[PDB]
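Below is one structure, written out as structure tokens, with a few remarks after it.
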Amino acid sequence: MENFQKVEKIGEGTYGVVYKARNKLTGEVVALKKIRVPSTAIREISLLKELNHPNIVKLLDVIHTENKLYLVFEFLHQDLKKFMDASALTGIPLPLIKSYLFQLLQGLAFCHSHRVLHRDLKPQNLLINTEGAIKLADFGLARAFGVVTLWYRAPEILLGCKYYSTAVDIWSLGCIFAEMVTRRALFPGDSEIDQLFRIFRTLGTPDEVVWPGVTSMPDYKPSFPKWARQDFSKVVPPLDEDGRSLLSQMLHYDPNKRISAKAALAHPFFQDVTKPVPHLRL
Ligand SMILES: NS(=O)(=O)c1ccc(N/N=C2\C(=O)Nc3ccc(Br)cc32)cc1
């Protein structure tokens, strides 16, 4: 709407372009999401305004004028993807990784308890500020509306399960956890089958033993090659035993055996968690 002056194009999300904008009246800086309108979408989005948590990017306003749909969110200056790029040579300090992971799990714990899923977690969706905080952006939009990155997609999704659960977010989070530690995407697939195979080649091809019902998945093929599971110490060095233990539980094949956000918060890996301040260059 004309109540804002598009400062700059920040990014091109999944449901539209995101702009840094200044609210004429208030003068506050915000993130304007222009979505290119179904009745259900409107109600669903409306519910998200109530979803308030310190680690969730706040949805301030929903502008539905002239049959257009604009979403106004709070603004943060940097995403995790850029921060990781800037730390590519020295790597993010373990205390900070531990802090970010802990906060993200709190955010997820909150959303999951409300039956709201993110469905598309990725480094680009994680925003940070100068004060050591990190927040989940785009939460709940997937459900609302319905080259994309498949790197963080859970296996049940890739195998055709249409009624997936909160467990998919934990998988995505596990992949991100591994990436921060090693400074390399864990499963960088370039197609659905390529994604599935990179997963199988590291965690082993799933069978009815480790994942009951897997052979009945819609896209499961008896012809899938059968790879053996690799040792985690080789996959995420030099993460300590607590960390590897936590990661393996986040990457369980069976959605039901995958650790929940809430249980993850009580893992020994977080015994010594603190809240460091990152040195951000804006
Ligand atoms: N790559 S970067 O320059 O660090 C950069 C800087 C700022 C953002 N922030 N964008 C966003 C922001 O502030 N609030 C949001 C709510 C929903 C969505 Br979807 C994106 C945002 C994203 C990327």
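Simple scheme: letters A, B, ... for chains in structure tokens order, numbers from 1 for residues in each chain, numbers from 1 for ligands in the order shown.
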Quiz item: Within 9 Å of residue 156 of chain A, counting only C-alpha atoms, which residues qualify if same-chain residues fewer than 2 places away don't, as a ChimeraX atom specification?
Solution: /A:153-154,158-162,164,168,214,217,253-255
Exercise. Let me have all residues with an atom within 9 Å of ligand 1, counting only C-alpha atoms and all ligand atoms, laid out as a count of residues only.
Key: 42
Closest-contact table, segment 203-275 of chain A side, partner segment 90-107 of chain A, 7 Å, counting only C-alpha atoms, as a tab-separated table:
```
residue	atom	partner	partner_atom	distance
A:261	CA	A:105	CA	5.4
A:265	CA	A:105	CA	6.7
A:273	CA	A:99	CA	6.1
A:274	CA	A:99	CA	6.1
A:275	CA	A:99	CA	5.6
```
Exercise. Work out how far atom CA of residue 113 of chain A is from atom CA of residue 211 of chain A, in Å to one decimal.
Key: 24.8 Å
Self-check item: Filtered DSSP result for segment 106-151 of chain A, state alpha helix (DSSP H), as a ChimeraX atom specification
Solution: /A:106-113,141-145
Practice problem: Take atom CA of residue 182 of chain A and atom CA of residue 237 of chain A and report the distance between them in Å, one decimal. | Solution: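 So the answer is 7.0 Å.
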Quiz item: For residue 55 of chain A, which residue out of A:132, A:6, A:35, A:233 is the nearest one, using only C-alpha atoms?
Solution: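 Closest candidate: A:132.
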Quiz prompt | Nearest-residue call for residue 213 of chain A, choices A:46, A:172, A:130, A:256, using only C-alpha atoms | solution =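 Between A:46, A:172, A:130, A:256, the residue approaching residue 213 of chain A most closely is A:256.
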Quiz item: So which residues of segment 111-252 of chain A fall under strand (DSSP E) by DSSP, listed as a ChimeraX atom specification?
Solution: /A:126-128,134-136
Self-check item: Gap from atom CA of residue 88 of chain A to atom CA of residue 149 of chain A - Å, one decimal
Solution: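 The value is 20.0 Å.
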